[PDB]
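Encoded as structure tokens, the following chain is the form deposited in one PDB entry, with no partner shown.
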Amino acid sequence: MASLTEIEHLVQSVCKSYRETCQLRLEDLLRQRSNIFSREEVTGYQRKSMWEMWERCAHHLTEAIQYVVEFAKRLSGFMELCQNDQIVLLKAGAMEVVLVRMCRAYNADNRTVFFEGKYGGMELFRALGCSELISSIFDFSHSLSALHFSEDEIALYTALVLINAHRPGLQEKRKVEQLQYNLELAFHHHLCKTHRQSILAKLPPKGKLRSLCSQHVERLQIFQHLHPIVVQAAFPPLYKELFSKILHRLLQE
């Protein structure tokens, strides 16, 4: 049950929820493309301490995940599932949603990402000691650039990243399956109607997004083992919660 109106109405409320919950405006990100970090500024970032860079990136990651919580809270029928399923979906999905959202701050053209006010390439994150991880993040953004996503496509796709009935630990598995289906119908209908069905074959596999979150938790478990007090005192609580009950607080406001 759902007609060609109830499926279409979902499309526009998904695009709306997404529009209203992005950390950065795409128009803004596009106009700052020529504001690039100097050779001296890149060298300043490389000279910064690993733990300083870690705290900066973790703070920025937390900043973005907070907007993913607001996207989830406005997503049709997400607030109607149980609190345990809301956390299950956000714990597993929020990072992946930022991993897709991230492509809007990318520029395949110059291979740079927007960070702390200006655009900069992979070598801006050398201090982190995440040679392969930052590389994967950059390649993942490069691959999504090739798809030339519309904002409405990013909205429907990210909503499907978050609404995954296959996430382990889901209590009302069928209530999440029912929701995932309507969003899939809304996405594929919008792709059909816009003559953009050809993207389906080119969307990244399920494992591309899964290995990225896993690599993040692996390098984090390494950094935390060498600087445990740095993570306790300077890392954000919601960051430590997601990768190391703030989510329950966010889910009420």
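Start at 1 and count along the sequence shown; that's the residue number.
Here the subject shifts to the form solved in complex with a partner chain, a form of this protein not shown in this document.
Is residue 143 close enough to touch its partner chain in the deposited complex, meaning at least one heavy atom pair within 4.5 Å? It does not: once its partner chain is placed as it appears in the deposited complex, residue 143 has no heavy atom within 4.5 Å of it.
Taking its partner chain as it sits in the deposited complex, is residue 242 in contact with it (heavy atom to heavy atom, 4.5 Å or less)? It does: once its partner chain is placed as it appears in the deposited complex, residue 242 has a heavy atom within 4.5 Å of it.
Looking at the partner-bound form in the deposited complex, is residue 11 within 4.5 Å of its partner chain by any heavy atom? No - in the deposited complex, heavy atoms of residue 11 and its partner chain never come within 4.5 Å of each other.
If we define contact as a non-hydrogen atom of the residue within 4.5 angstroms of the partner, is residue 87 a contact of its partner chain in the deposited complex? Taking the distances in the deposited complex, the answer for residue 87 is yes, it comes within 4.5 Å of its partner chain.
Answer yes or no: in the deposited complex, does its partner chain come within 4.5 Å of a heavy atom in every one of 103, 107 and 111? Not one of the three qualifies.
Its partner chain isn't shown here, but in the deposited complex which of 138, 149, 157, 78 has a heavy atom within 4.5 Å of it? Of the listed residues, the single hit is 78.
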